[PDB]
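Student: Next input, structure requested:
(7 chains, ligands or ions: 146)
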Amino acid sequence: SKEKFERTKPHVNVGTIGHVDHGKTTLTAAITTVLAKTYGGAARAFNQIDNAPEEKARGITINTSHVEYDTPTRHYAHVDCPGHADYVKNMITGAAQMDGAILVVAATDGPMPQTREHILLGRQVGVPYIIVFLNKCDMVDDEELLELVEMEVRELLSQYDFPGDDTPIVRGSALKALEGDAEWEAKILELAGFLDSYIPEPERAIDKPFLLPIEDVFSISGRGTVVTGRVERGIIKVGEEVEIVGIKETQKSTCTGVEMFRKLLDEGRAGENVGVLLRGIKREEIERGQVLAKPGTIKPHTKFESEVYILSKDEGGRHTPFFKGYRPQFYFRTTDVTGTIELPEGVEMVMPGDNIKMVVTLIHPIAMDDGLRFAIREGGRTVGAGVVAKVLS
Amino acid sequence: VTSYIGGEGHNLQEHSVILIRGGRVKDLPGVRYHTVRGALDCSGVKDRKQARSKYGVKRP
Amino acid sequence: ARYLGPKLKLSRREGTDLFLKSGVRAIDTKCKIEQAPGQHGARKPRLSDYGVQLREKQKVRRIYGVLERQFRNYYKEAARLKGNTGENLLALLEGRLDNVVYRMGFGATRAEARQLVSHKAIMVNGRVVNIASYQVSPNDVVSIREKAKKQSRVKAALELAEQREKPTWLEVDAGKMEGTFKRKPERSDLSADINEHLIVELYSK
Amino acid sequence: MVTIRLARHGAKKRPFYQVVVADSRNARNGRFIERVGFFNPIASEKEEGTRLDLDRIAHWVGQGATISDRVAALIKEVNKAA
Amino acid sequence: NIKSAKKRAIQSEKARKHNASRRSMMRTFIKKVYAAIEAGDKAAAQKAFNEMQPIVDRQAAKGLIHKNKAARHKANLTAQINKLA
RNA sequence: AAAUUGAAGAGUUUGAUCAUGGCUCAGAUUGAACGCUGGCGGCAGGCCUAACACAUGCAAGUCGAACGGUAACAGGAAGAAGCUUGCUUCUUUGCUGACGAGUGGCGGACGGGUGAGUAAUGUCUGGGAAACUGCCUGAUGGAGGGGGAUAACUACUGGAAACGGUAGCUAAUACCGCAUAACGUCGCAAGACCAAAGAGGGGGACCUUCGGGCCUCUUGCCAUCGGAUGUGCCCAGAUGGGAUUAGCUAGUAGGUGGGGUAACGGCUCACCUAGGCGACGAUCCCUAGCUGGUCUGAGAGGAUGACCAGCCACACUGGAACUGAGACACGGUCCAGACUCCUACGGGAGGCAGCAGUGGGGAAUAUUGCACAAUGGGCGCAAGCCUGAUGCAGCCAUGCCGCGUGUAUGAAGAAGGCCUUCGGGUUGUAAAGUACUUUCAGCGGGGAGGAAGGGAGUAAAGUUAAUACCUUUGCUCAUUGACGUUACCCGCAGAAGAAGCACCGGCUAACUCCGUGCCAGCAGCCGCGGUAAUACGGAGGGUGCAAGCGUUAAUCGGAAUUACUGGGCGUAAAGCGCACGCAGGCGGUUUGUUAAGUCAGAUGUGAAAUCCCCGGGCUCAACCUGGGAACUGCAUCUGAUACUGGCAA
RNA sequence: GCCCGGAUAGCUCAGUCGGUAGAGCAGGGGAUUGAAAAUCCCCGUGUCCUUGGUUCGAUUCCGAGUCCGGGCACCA
Ligand SMILES: Nc1nc2c(ncn2[C@@H]2O[C@H](COP(=O)(O)OP(=O)(O)NP(=O)(O)O)[C@@H](O)[C@H]2O)c(=O)[nH]1
Ligand SMILES: [Mg+2]
Ligand SMILES: [Mg+2]
Ligand SMILES: [Mg+2]
Ligand SMILES: [Mg+2]
Ligand SMILES: [Mg+2]
Ligand SMILES: [Mg+2]
Ligand SMILES: [Mg+2]
Ligand SMILES: [Mg+2]
Ligand SMILES: [Mg+2]
Ligand SMILES: [Mg+2]
Ligand SMILES: [Mg+2]
Ligand SMILES: [Mg+2]
Ligand SMILES: [Mg+2]
Ligand SMILES: [Mg+2]
Ligand SMILES: [Mg+2]
Ligand SMILES: [Mg+2]
Ligand SMILES: [Mg+2]
Ligand SMILES: [Mg+2]
Ligand SMILES: [Mg+2]
Ligand SMILES: [Mg+2]
Ligand SMILES: [Mg+2]
Ligand SMILES: [Mg+2]
Ligand SMILES: [Mg+2]
Ligand SMILES: [Mg+2]
Ligand SMILES: [Mg+2]
Ligand SMILES: [Mg+2]
Ligand SMILES: [Mg+2]
Ligand SMILES: [Mg+2]
Ligand SMILES: [Mg+2]
Ligand SMILES: [Mg+2]
Ligand SMILES: [Mg+2]
Ligand SMILES: [Mg+2]
Ligand SMILES: [Mg+2]
Ligand SMILES: [Mg+2]
Ligand SMILES: [Mg+2]
Ligand SMILES: [Mg+2]
Ligand SMILES: [Mg+2]
Ligand SMILES: [Mg+2]
Ligand SMILES: [Mg+2]
Ligand SMILES: [Mg+2]
Ligand SMILES: [Mg+2]
Ligand SMILES: [Mg+2]
Ligand SMILES: [Mg+2]
Ligand SMILES: [Mg+2]
Ligand SMILES: [Mg+2]
Ligand SMILES: [Mg+2]
Ligand SMILES: [Mg+2]
Ligand SMILES: [Mg+2]
Ligand SMILES: [Mg+2]
Ligand SMILES: [Mg+2]
Ligand SMILES: [Mg+2]
Ligand SMILES: [Mg+2]
Ligand SMILES: [Mg+2]
Ligand SMILES: [Mg+2]
Ligand SMILES: [Mg+2]
Ligand SMILES: [Mg+2]
Ligand SMILES: [Mg+2]
Ligand SMILES: [Mg+2]
Ligand SMILES: [Mg+2]
Ligand SMILES: [Mg+2]
Ligand SMILES: [Mg+2]
Ligand SMILES: [Mg+2]
Ligand SMILES: [Mg+2]
Ligand SMILES: [Mg+2]
Ligand SMILES: [Mg+2]
Ligand SMILES: [Mg+2]
Ligand SMILES: [Mg+2]
Ligand SMILES: [Mg+2]
Ligand SMILES: [Mg+2]
Ligand SMILES: [Mg+2]
Ligand SMILES: [Mg+2]
Ligand SMILES: [Mg+2]
Ligand SMILES: [Mg+2]
Ligand SMILES: [Mg+2]
Ligand SMILES: [Mg+2]
Ligand SMILES: [Mg+2]
Ligand SMILES: [Mg+2]
Ligand SMILES: [Mg+2]
Ligand SMILES: [Mg+2]
Ligand SMILES: [Mg+2]
Ligand SMILES: [Mg+2]
Ligand SMILES: [Mg+2]
Ligand SMILES: [Mg+2]
Ligand SMILES: [Mg+2]
Ligand SMILES: [Mg+2]
Ligand SMILES: [Mg+2]
Ligand SMILES: [Mg+2]
Ligand SMILES: [Mg+2]
Ligand SMILES: [Mg+2]
Ligand SMILES: [Mg+2]
Ligand SMILES: [Mg+2]
Ligand SMILES: [Mg+2]
Ligand SMILES: [Mg+2]
Ligand SMILES: [Mg+2]
Ligand SMILES: [Mg+2]
Ligand SMILES: [Mg+2]
Ligand SMILES: [Mg+2]
Ligand SMILES: [Mg+2]
Ligand SMILES: [Mg+2]
Ligand SMILES: [Mg+2]
Ligand SMILES: [Mg+2]
Ligand SMILES: [Mg+2]
Ligand SMILES: [Mg+2]
Ligand SMILES: [Mg+2]
Ligand SMILES: [Mg+2]
Ligand SMILES: [Mg+2]
Ligand SMILES: [Mg+2]
Ligand SMILES: [Mg+2]
Ligand SMILES: [Mg+2]
Ligand SMILES: [Mg+2]
Ligand SMILES: [Mg+2]
Ligand SMILES: [Mg+2]
Ligand SMILES: [Mg+2]
Ligand SMILES: [Mg+2]
Ligand SMILES: [Mg+2]
Ligand SMILES: [Mg+2]
Ligand SMILES: [Mg+2]
Ligand SMILES: [Mg+2]
Ligand SMILES: [Mg+2]
Ligand SMILES: [Mg+2]
Ligand SMILES: [Mg+2]
Ligand SMILES: [Mg+2]
Ligand SMILES: [Mg+2]
Ligand SMILES: [Mg+2]
Ligand SMILES: [Mg+2]
Ligand SMILES: [Mg+2]
Ligand SMILES: [Mg+2]
Ligand SMILES: [Mg+2]
Ligand SMILES: [Mg+2]
Ligand SMILES: [Mg+2]
Ligand SMILES: [Mg+2]
Ligand SMILES: [Mg+2]
Ligand SMILES: [Mg+2]
Ligand SMILES: [Mg+2]
Ligand SMILES: [Mg+2]
Ligand SMILES: [Mg+2]
Ligand SMILES: [Mg+2]
Ligand SMILES: [Mg+2]
Ligand SMILES: [Mg+2]
Ligand SMILES: [Mg+2]
Ligand SMILES: [Mg+2]
Ligand SMILES: [Mg+2]
Ligand SMILES: [Mg+2]
Ligand SMILES: [Mg+2]
Ligand SMILES: [Mg+2]
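Tutor: Numbers count the residues shown, from 1 in each chain, chains lettered A, B, ... in the order given. Ligands and ions are numbered 1, 2, ... in the order given. Structure as follows:
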């Protein structure tokens, strides 16, 4: 909080995806040290990508850590997702804001059960583009074995509905590029080139009014309570009226400073992760899931009609019917929420792999409008995608 | 202290943080306070129209 | 700030004619006056000692269009002023601009006079005044501004003032909409029906 | 050092200055020996505008008291023969 | 500290180096008189009194000592010389 | 001419009564909070609890007219070198203006903040001598002639930093002698002794050794005696609660002598005496800043001491002194401590009870805004720079006060609701409908008043050898607003954008119908509900307030329920079981005689604000404001002698 | 942000390792009374915290949640 962030180069939200203990967080650390050395950005280290007691005694990552590496063309903003099956909830918030992912499959183990689950969540939420990275390579010195894994990833993406063969696969060790090997340093400089070439300039919405889903809340010692997240649409000027909408009720507020990776800003534009400082609000009363909207634009609702597309055994979801009373998790912009289902008159049961509409009464009210996309989940797996039809409350 | 819970029906149980104002009940000997309906975890009375500042209920 | 409800309802509860909806026509005969305050209008009231005081206060309030906070402040001024506390209460009420504008005959009703004062029409001693509560001092000259002079509402309302008693304490030109407030109003000049003594009783306790 | 200076009373945007004989170390509005007239800049042409008791000024300025920049101007405003 | 007028710290420390020495000098010349007093006639004591008289008066004029301090160190000290001897 | 015009009761013990006596209510009021509902403006206010711990920026600097600096920086002048000979390179010049870093001056001790401590060291009222007092200001009269240092700057090192050391060197209003000194300082006096600093703006004449000297004039220094303003100290009375705290006390209480204090003093010592305080409450304990005031009251009183003003106290906790005119020093210093801190592990920091802001505590209380434009404050000849003092702005119905939320006509007495003896009533001129406004918001143009000054010039005065320079000035110039898309004025537009929430059994203004059946619930007091509830829940209808309304808490009132004004004690609560009796309270009657009480007068004071009355100024009000009265007092001074006291018969 | 416990008819508790849950204390219906209480004669009055899954069948076995309990961290 001192240096002013100069608005140059387009902003892009990137993040690593993949199996547990597969080189996902280590890739993030490899991208910093490579890009910082040659081009001349800020250095950083593997340290702080994940500190705490939880991510040291174990070694695993829980929190979605962020990184800011810069290149001549564009200014990237990383989102290193956790990895585990148990940490899928806080991952989806990191994955929703992420524009273009970096998948991490390993040459030794290959595509594992979570790799299938992570890419499954990427499609239904909103991950337009994806890039593969083989994160072991050196451990198995062979030409035939390493190339057989590349075939299975191309099959995985094409089976689950992506381009597959068009996606640029890259090979390279993360640990070898951490130190200073000339052949392996240049091979991850190549990944930065694939990030620029494949993923296009993202289409923002700098016209329709201000909205910002809160991914994680903070309490800065001195300044006040702060909320982070990607600005979904519109802009934010300093000293402007902002209404916080979502869970509990609704509160008036005013912005008193927006920032971008510990650097000041005047205008917080759309499609970029920013930390908004709020005036006269406590850490407890504001929570994760709520949205920073401009007053009057959006209203919180606890009941709505919605066209739900349930999945089958083949697509990956439920395989049995269910009657009114069923309570799955509904993942809107960031947070999840439970709700009872009231089916329409003339529909006795809901079979798997079927398009229908239904009334859903949620326990917590969330801010929503007509034409909002969500992904239903229940029992550590997906259920179905859909869209909102009508407001009731 | 003991505190009386006014209105018909309540959400109070086991714990739940509530607000207390003064006022005896004059019936339960020992009870000498009233819970404020509306404030904190104590919600408003369900389906009330007349006298709703007392009992913490919003407009219809 | 104002009543803005059923105005002729107030007259039936009080019983007597309050001049709220006096207007163009002289006598109403269109409400069942006296014997229908509300649903239970046929109910003959017992009417206690506090009742008759409250009914008398509420009558004088509703005639002059004043609320309890502002009305109780007139009593506090009336007590500190010299002479009789009762005579001062009503003398200060009659000194209001919205009341003087009604008594001059630039308004069929007192609410119409209040709106006329409030909407930049009324002017006194070469100065525009918006406040209905404006205490009109002795020896003044209230009048209408030339932009809003001889508009449709004032000319018809001035013809009504010929049927009225017309006060002695003030004088009106009638040609060029120009008034002249001269002296302070006496007790015996006006009303001779609304009791002051009972209103002094209500506030003293 | 005793000094003759303005006190600044009155409402917001509606100043009224009590010219007053006070010690330099004491605050503007605070302690004084004795007040010696007043000044009103938002008075305009009417009955009253500025008053300044010149008899008490001889007791202080004659002995040893400075006159502030604004109060020195009001002694010129009231005049000796104008 | 958070000010540029900490010159006063180094100035007041520089003052008392000087200020203590001249004070120390004075109170030794006064001790010189009390040393002479006790076992001595009016001769050795009054010689020491004539030596300190200019020193105490001078330091009184410079603001180290106050003029009444100086006044007493003549007044009470002459009363020792006059009464005893 | 005006300064108080002021004193209300009701419900509730009983089958009923009168009394006693509690309980509760009607009114004012607030730093408020909460619930529901929320349009504007104006003026006020807005961490009472954790004196909790707090990142970040900022709250005190200033002068070149003190001084070295021929300057860290940016720029003119004598001269230089390149070459597009005025375009460029560039050494000298206090020399262009100034000023980073110093050295000295004055400031930092004021201005802000907070009530932790403090029951008397404090505060209040009235007195009183033993005092000091920078800046300001009266008077007198000096200010003469010398020295040795010393930073900065180098030079050379140490250190991670903070911050040093060693070798030079140099300036002064820094520093110290010396002469020089009195109505000054000690003394019986004779005597002795004690100081100073120089600057800046101009010059004819003549010395030029050019650094000019000498006239010049503002300025500054220094000694005394003074005023002014502060401040230190002393006394008297007053200033909370507890006796289920009755004895405390050894520098304790006084003396003589010495030291010390700006000043007197057990302030502090040495010895001497054996006190001193105490029932008119010492000591100990708990609580507490104090006052002007505030709220309340018919007044006496009771409660309270947020905001404005005076005094005190305190500054991370516990100490000490240094500097100074002033501090035992909020943003100095030094230790010690607890807690945060950074490091190269040697050592360093740090102090929001300045302004914003954070966490935490809490029922609860705000912007890391703009500005020195004004008003004071700081230095300075000034210009100016500095200023979270102040002035604005934000926020919050937290209050007090203003205007809103339309205004006439309108019978088919419509619909719909609600009630009914189904005839009709009522909601209700309510609505719709037609006639009109256009305040306030919403827009577009106009646009004050807060601004006095400071300059650039001038004109005569001042001042002098001078038609100079400063002191005073009157005339001509161009300017100075954070507020600010200002106050206020017009210009459209269309009723358009603008109403709730208590209550409705008695006290207490206002009633029916359904639902429920001592259940669910209400309740300020009495009390409502057991299948026909006016008290519960809803509905309609009413009543009372209205951008507020209620609930909660808090103080006084009513409470003559701590009674001094103004109560009681046979039986309601209440005469010790009965005596004696010291201290204490009270005391027959006549003369004196003082004057303590008492009374009368007079003078000083009782800060300003506040209150009160007559005015005045904001469109009105709240708000601001002139004068008056008042400040019920306390002191002294002069009388009066009836009464009370003292004192003699 | 993530670990862990807690919930069984109106209240206080038993019961389970898939075999379909009970006890007291309440409550209700009739008799009686103005209504009760006792007296007399009859009744569990249940979303096993919610929801899905493994199965013929889940309180019971395995996920996902609810609100609440206590625990460890992150400083745009
Ligand atoms: N030899 C080698 N080892 C690697 C390479 N990349 C990753 N690893 C190893 O893989 C392990 C996983 O590290 P990390 O990336 O933090 O795990 P993750 O992929 O983020 N998943 P999660 O954080 O949920 O546990 C580490 O022990 C690391 O040494 C590589 O290129 N070469
Ligand atoms: Mg493995
Ligand atoms: Mg990881
Ligand atoms: Mg492991
Ligand atoms: Mg493996
Ligand atoms: Mg109002
Ligand atoms: Mg109407
Ligand atoms: Mg009264
Ligand atoms: Mg003071
Ligand atoms: Mg003026
Ligand atoms: Mg230091
Ligand atoms: Mg010595
Ligand atoms: Mg000195
Ligand atoms: Mg009574
Ligand atoms: Mg009574
Ligand atoms: Mg009875
Ligand atoms: Mg009786
Ligand atoms: Mg509030
Ligand atoms: Mg509230
Ligand atoms: Mg204001
Ligand atoms: Mg406090
Ligand atoms: Mg403390
Ligand atoms: Mg503290
Ligand atoms: Mg820091
Ligand atoms: Mg700090
Ligand atoms: Mg500053
Ligand atoms: Mg100079
Ligand atoms: Mg010079
Ligand atoms: Mg101070
Ligand atoms: Mg102070
Ligand atoms: Mg203050
Ligand atoms: Mg105080
Ligand atoms: Mg005194
Ligand atoms: Mg000084
Ligand atoms: Mg002086
Ligand atoms: Mg002189
Ligand atoms: Mg010399
Ligand atoms: Mg020498
Ligand atoms: Mg030397
Ligand atoms: Mg030397
Ligand atoms: Mg020298
Ligand atoms: Mg000196
Ligand atoms: Mg000296
Ligand atoms: Mg000599
Ligand atoms: Mg000499
Ligand atoms: Mg003498
Ligand atoms: Mg002599
Ligand atoms: Mg002599
Ligand atoms: Mg000298
Ligand atoms: Mg010179
Ligand atoms: Mg010359
Ligand atoms: Mg002179
Ligand atoms: Mg001088
Ligand atoms: Mg001077
Ligand atoms: Mg001087
Ligand atoms: Mg002197
Ligand atoms: Mg003097
Ligand atoms: Mg002194
Ligand atoms: Mg003493
Ligand atoms: Mg009063
Ligand atoms: Mg009163
Ligand atoms: Mg009374
Ligand atoms: Mg008190
Ligand atoms: Mg305070
Ligand atoms: Mg304030
Ligand atoms: Mg203040
Ligand atoms: Mg004092
Ligand atoms: Mg004192
Ligand atoms: Mg102290
Ligand atoms: Mg102090
Ligand atoms: Mg402090
Ligand atoms: Mg300190
Ligand atoms: Mg200290
Ligand atoms: Mg201390
Ligand atoms: Mg000293
Ligand atoms: Mg000095
Ligand atoms: Mg001192
Ligand atoms: Mg200080
Ligand atoms: Mg501080
Ligand atoms: Mg330290
Ligand atoms: Mg603060
Ligand atoms: Mg806070
Ligand atoms: Mg400026
Ligand atoms: Mg100033
Ligand atoms: Mg000065
Ligand atoms: Mg001068
Ligand atoms: Mg000038
Ligand atoms: Mg100035
Ligand atoms: Mg400033
Ligand atoms: Mg301030
Ligand atoms: Mg308001
Ligand atoms: Mg408001
Ligand atoms: Mg509120
Ligand atoms: Mg209509
Ligand atoms: Mg019109
Ligand atoms: Mg307007
Ligand atoms: Mg406009
Ligand atoms: Mg001017
Ligand atoms: Mg102006
Ligand atoms: Mg001028
Ligand atoms: Mg100025
Ligand atoms: Mg000039
Ligand atoms: Mg000039
Ligand atoms: Mg001139
Ligand atoms: Mg303008
Ligand atoms: Mg207008
Ligand atoms: Mg119009
Ligand atoms: Mg119209
Ligand atoms: Mg029109
Ligand atoms: Mg309306
Ligand atoms: Mg029952
Ligand atoms: Mg009945
Ligand atoms: Mg009924
Ligand atoms: Mg009711
Ligand atoms: Mg109603
Ligand atoms: Mg209220
Ligand atoms: Mg009371
Ligand atoms: Mg009383
Ligand atoms: Mg009595
Ligand atoms: Mg009695
Ligand atoms: Mg008895
Ligand atoms: Mg008895
Ligand atoms: Mg007895
Ligand atoms: Mg007896
Ligand atoms: Mg007794
Ligand atoms: Mg006796
Ligand atoms: Mg006697
Ligand atoms: Mg007698
Ligand atoms: Mg007698
Ligand atoms: Mg006599
Ligand atoms: Mg006497
Ligand atoms: Mg007396
Ligand atoms: Mg007297
Ligand atoms: Mg006064
Ligand atoms: Mg007045
Ligand atoms: Mg006026
Ligand atoms: Mg007026
Ligand atoms: Mg006032
Ligand atoms: Mg006044
Ligand atoms: Mg006055
Ligand atoms: Mg007087
Ligand atoms: Mg006689
Ligand atoms: Mg006699
Ligand atoms: Mg006698
Ligand atoms: Mg039964
Ligand atoms: Mg039973």
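Student: Do I have it right that residue C:156 meets residue C:108?
Tutor: Yes - between residue C:156 and residue C:108 there is a contact under Cβ atoms under 8 Å: 7.3 Å. All C-beta spots, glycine's among them, are computed from the backbone N, C-alpha and C.
Student: For these two, list the residues in contact with both.
Tutor: Common contacts of residue C:156 and residue C:108 (Cβ atoms under 8 Å, 6 or more residues apart in numbering or on different chains): residue C:24.
Student: Closest residue of chain C to RNA strand F?
Tutor: residue C:23 (1.9 Å; Cβ to the nearest atom of the strand).
Student: Tell me, how many residues neighbour that residue?
Tutor: 14 (other Cβ atoms under 10 Å in any protein chain shown).
Student: tally of neighbours for residue 39?
Tutor: No chain was given, so I picked chain A. 13.
Student: try chain E instead
Tutor: 7.
Student: and if you look at residue A:23?
Tutor: 24.
Student: longest single helix anywhere in chain D?
Tutor: helix D:69-78 (DSSP state H).
Student: Kindly indicate whether the spatially most central residue of chain A is helix, strand or coil.
Tutor: In chain A, the centroid-proximal residue (Cα atoms, centre = their mean) is residue A:95; its distance is 1.6 Å. Under DSSP: H, G, I helix; E, B strand; the rest coil, residue A:95 falls in the helix class.
Student: With adjacent residues omitted, what lies nearest to it?
Tutor: Nearest residue to residue A:95 in three dimensions, chain neighbours excluded: residue A:125, at 5.7 Å (Cβ to Cβ, 6 or more residues apart in numbering or on different chains).
Student: ok, now which ones touch the one you found?
Tutor: Neighbours of residue A:125 in contact, by Cβ under 8 Å, 6+ apart: A:92, A:95-96, A:331, A:375.
Student: hmm, back to that, any idea how far the residue nearest to the centre of chain A is from residue B:38?
Tutor: Residue A:95 is 40 Å from residue B:38, where distance means Cβ to Cβ, to the nearest Å.
Student: now do residue A:152
Tutor: Counting by Cβ to Cβ, the gap from residue A:152 to residue B:38 is 60 Å.
Student: Settle it for me: which of those two has more neighbours?
Tutor: residue B:38 (17 against 13).
Student: Could you look up the SS state of that one?
Tutor: Going by three-state DSSP, the secondary structure assigned to residue B:38 is coil.
Student: Spit out the contact partners of it.
Tutor: Neighbouring residues of residue B:38 by Cβ under 8 Å, 6+ apart: B:44, B:55-57.
Student: Any quick PyMOL command for the buried ones out of the contacts of residue A:125?
Tutor: Remark: buried members of the contacts of residue A:125, expressed as a PyMOL selection using 16 or more other Cβ atoms under 10 Å in any protein chain shown:
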select buried, chain A and resi 92+95+96+331+375
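Student: Kindly indicate which of the contacts of residue A:125 lies nearest residue C:47.
Tutor: residue A:331 (68.8 Å; Cβ to Cβ).
Student: what's the distance between that closest one and RNA strand G?
Tutor: 10 Å (Cβ to the nearest atom of the strand, to the nearest Å).
Student: residues contacting the residue lying closest to that residue once chain neighbours are set aside?
Tutor: Counting by Cβ to Cβ, 6+ apart, residue A:331 lies nearest to residue A:375, which is 5.0 Å off, once chain neighbours are set aside. Neighbour list for residue A:375: A:92, A:121, A:124-125, A:331, A:382, A:384-385 [criterion: Cβ under 8 Å, 6+ apart].
Student: would you list those residues in a markdown table and tack on secondary structure?
Tutor: Shown next, in a markdown table, are those (three-state DSSP):
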| residue | secondary structure |
| --- | --- |
| A:92 | helix |
| A:121 | helix |
| A:124 | helix |
| A:125 | helix |
| A:331 | strand |
| A:382 | strand |
| A:384 | strand |
| A:385 | strand |
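Student: now, the most widely separated pair of these?
Tutor: A:92 and A:384 (15.1 Å).
Student: ok, now how distant is whichever residue of chain B sits closest to ligand 1 from residue C:23?
Tutor: In chain B, the residue that lies nearest ligand 1 is residue B:15 (35.2 Å; Cβ to the nearest ligand atom). Shown here: residue B:15 relative to residue C:23, a distance of 65 Å by Cβ to Cβ.
Student: cool, residue A:33 as well?
Tutor: 89 Å.
Student: Next: residue C:94.
Tutor: Distance from residue C:94 to residue C:23, by Cβ to Cβ: 21 Å.
Student: name the helices or strands packed onto the helix ranked longest in chain C?
Tutor: When chain C is parsed with DSSP H, its longest helix is helix C:49-64. The helices and strands touching helix C:49-64, judged by 3 or more Cβ pairs under 8 Å, 6 or more residues apart in numbering or on different chains; DSSP states H and E, are helix C:7-14, helix C:68-80, helix C:85-94, helix C:197-204.
Student: try it again with 10 Å
Tutor: helix C:7-14, helix C:68-80, helix C:85-94, helix C:97-104, helix C:197-204 (3 or more Cβ pairs under 10 Å, 6 or more residues apart in numbering or on different chains; DSSP states H and E).
Student: want to throw those into JSON lines with mean neighbour count?
Tutor: Listed next are the helices and strands packed on helix C:49-64 as JSON lines, based on neighbours: other Cβ atoms under 10 Å in any protein chain shown:
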{"stretch": "helix C:7-14", "mean neighbour count": "17"}
{"stretch": "helix C:68-80", "mean neighbour count": "14"}
{"stretch": "helix C:85-94", "mean neighbour count": "19"}
{"stretch": "helix C:97-104", "mean neighbour count": "26"}
{"stretch": "helix C:197-204", "mean neighbour count": "17"}
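Student: Tell me which of these lies nearest to residue A:15.
Tutor: Among the helices and strands packed on helix C:49-64, if distance is taken as Cβ to Cβ, the winner is helix C:68-80, at 63.1 Å.
Student: Contacts (any at all) between RNA strand F and the closest one?
Tutor: Yes - using Cβ under 7 Å from any atom of the strand, helix C:68-80 reaches RNA strand F at C:68-73, C:79-80.
Student: Next, whichever residue of chain B sits closest to RNA strand G: secondary structure please.
Tutor: Closest residue of chain B to RNA strand G, Cβ to the nearest atom of the strand: residue B:15 (3.3 Å). Assigned with three-state DSSP, residue B:15 falls in the coil class.
Student: Contacts only, for it.
Tutor: If a contact means Cβ atoms under 10 Å, 6 or more residues apart in numbering or on different chains, then residue B:15 has residue B:41 as its contacts.
Student: re earlier: could you dump the helices and strands packed on helix C:49-64 to TSV with distance to ligand 3?
Tutor: Rendered in TSV, the data for the helices and strands packed on helix C:49-64 read as follows (distance: least, Cβ to the ion, whole Å):
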stretch	distance to ligand 3
helix C:7-14	75
helix C:68-80	68
helix C:85-94	81
helix C:97-104	77
helix C:197-204	78
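Student: I'd like to know which of those helices lies nearest to residue A:10.
Tutor: Distance to residue A:10, taken as Cβ to Cβ, is lowest for helix C:68-80 among the helices and strands packed on helix C:49-64, at 62.2 Å.
Student: And the residue sitting furthest away from the middle of chain A, how far from residue A:357?
Tutor: Most distant residue from the mean C-alpha position of chain A: residue A:346, 38.4 Å away (Cα atoms, centre = their mean). Residue A:346 is 12 Å from residue A:357, where distance means Cβ to Cβ.
Student: what's the answer for residue A:87, then?
Tutor: In this view, residue A:87 and residue A:357 are 33 Å apart by Cβ to Cβ.
Student: Thanks a lot, catch you later.
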